[PDB]
Amino acid sequence: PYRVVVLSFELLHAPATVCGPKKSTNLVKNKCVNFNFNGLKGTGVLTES
Amino acid sequence: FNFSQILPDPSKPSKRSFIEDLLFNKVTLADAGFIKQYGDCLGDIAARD
Ligand SMILES: *[C@@H]1O[C@H](CO)[C@@H](O[C@@H]2O[C@H](CO)[C@@H](O)[C@H](O)[C@H]2NC(C)=O)[C@H](O)[C@H]1NC(C)=O
C-alpha cells in the first residue's frame, strides 16, 4: 500500500488565489539602503518621523 | 532738513535703515531660499517645506 495525492492547480492568473510573499528580512537605520517595504522600491536612508 | 528716516542706524542688526527695513518685510513670500545651510531636512520632522 502506497499513499498518493494528486495535486492540480488552475492558471490564467486573473483570480489570484494562493500566491505567497514569504522572504521577510531584518531592518537597519541611519544607513543608505534599498527598500522594498510593500512592493515599492527606492534608495535612501531610513529614520524616525 | 531731517534725514533720519533714510540714514542708517547703527543700533540695529546690520546697517539697514528704517525705510528699506520696512520695505524688506513687504515681500515675505519667497522666504529667501538661497540654501541657508540646506540638507537640514535629513529627517522630515517638520512640514518638509
Ligand atoms: C526727524 O524725524 C524723526 C522721525 O523718526 C524724529 O524722531 C522723533 O523724535 C520725537 C522727539 O524727538 C520722538 O518723540 C519720536 O518718537 C521720534 N520718532 C520715532 C519714530 O521714534 C526726529 O525728532 C526728527 N528730527 C527733528 C530735528 O525733529
# chains A, B, ... in the order shown; residues from 1 in each chain; ligands from 1
call {"tool": "interface_residues", "arguments": {"of": "chain A", "to": "chain B", "cutoff": "9 Å", "atoms": "only C-alpha atoms", "output": "list in words"}}
result
residues 45, 46, 47, 48 and 49 of chain A
call {"tool": "residues_near_ligand", "arguments": {"ligand": "ligand 1", "cutoff": "12 Å", "atoms": "only C-alpha atoms and all ligand atoms", "output": "list in words"}}
result
residues 1, 2, 3, 4, 5, 6, 7, 9, 17, 18 and 19 of chain B
call {"tool": "residues_around", "arguments": {"residues": "residue 34 in chain A", "least_positions_apart": "6", "cutoff": "7 Å", "atoms": "only C-alpha atoms", "output": "ChimeraX atom specification"}}
result
/A:42-44
call {"tool": "write_last_selection", "arguments": {"atoms": "N, CA and C atoms", "output": "PDB file, in the first residue's frame"}}
result
ATOM      1  N   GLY A  42      13.068  51.761  -3.895  1.00  0.00           N
ATOM      2  CA  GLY A  42      13.802  53.011  -3.929  1.00  0.00           C
ATOM      3  C   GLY A  42      15.053  52.908  -3.087  1.00  0.00           C
ATOM      4  N   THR A  43      15.828  53.989  -3.104  1.00  0.00           N
ATOM      5  CA  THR A  43      17.083  54.070  -2.372  1.00  0.00           C
ATOM      6  C   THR A  43      17.086  55.320  -1.506  1.00  0.00           C
ATOM      7  N   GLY A  44      17.608  55.188  -0.291  1.00  0.00           N
ATOM      8  CA  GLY A  44      17.672  56.320   0.615  1.00  0.00           C
ATOM      9  C   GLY A  44      18.060  55.869   2.008  1.00  0.00           C
TER      10      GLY A  44
END
call {"tool": "atom_distance", "arguments": {"atom1": "CA of residue 5 in chain A", "atom2": "CA of residue 18 in chain A"}}
result
18.9 Å
call {"tool": "atom_distance", "arguments": {"atom1": "CA of residue 22 in chain A", "atom2": "CA of residue 35 in chain A"}}
result
16.0 Å
call {"tool": "atom_distance", "arguments": {"atom1": "CA of residue 22 in chain B", "atom2": "CA of residue 49 in chain B"}}
result
25.8 Å
call {"tool": "select_by_dssp", "arguments": {"residues": "chain A", "states": "strand (DSSP E or B)", "output": "count of residues only"}}
result
6
call {"tool": "closest_residue", "arguments": {"among": "A:36, A:2, A:8, A:41", "to": "residue 23 in chain A", "atoms": "only C-alpha atoms"}}
result
A:36
call {"tool": "select_by_dssp", "arguments": {"residues": "chain B", "states": "alpha helix (DSSP H)", "output": "MDAnalysis selection string"}}
result
chainID B and resid 18:27
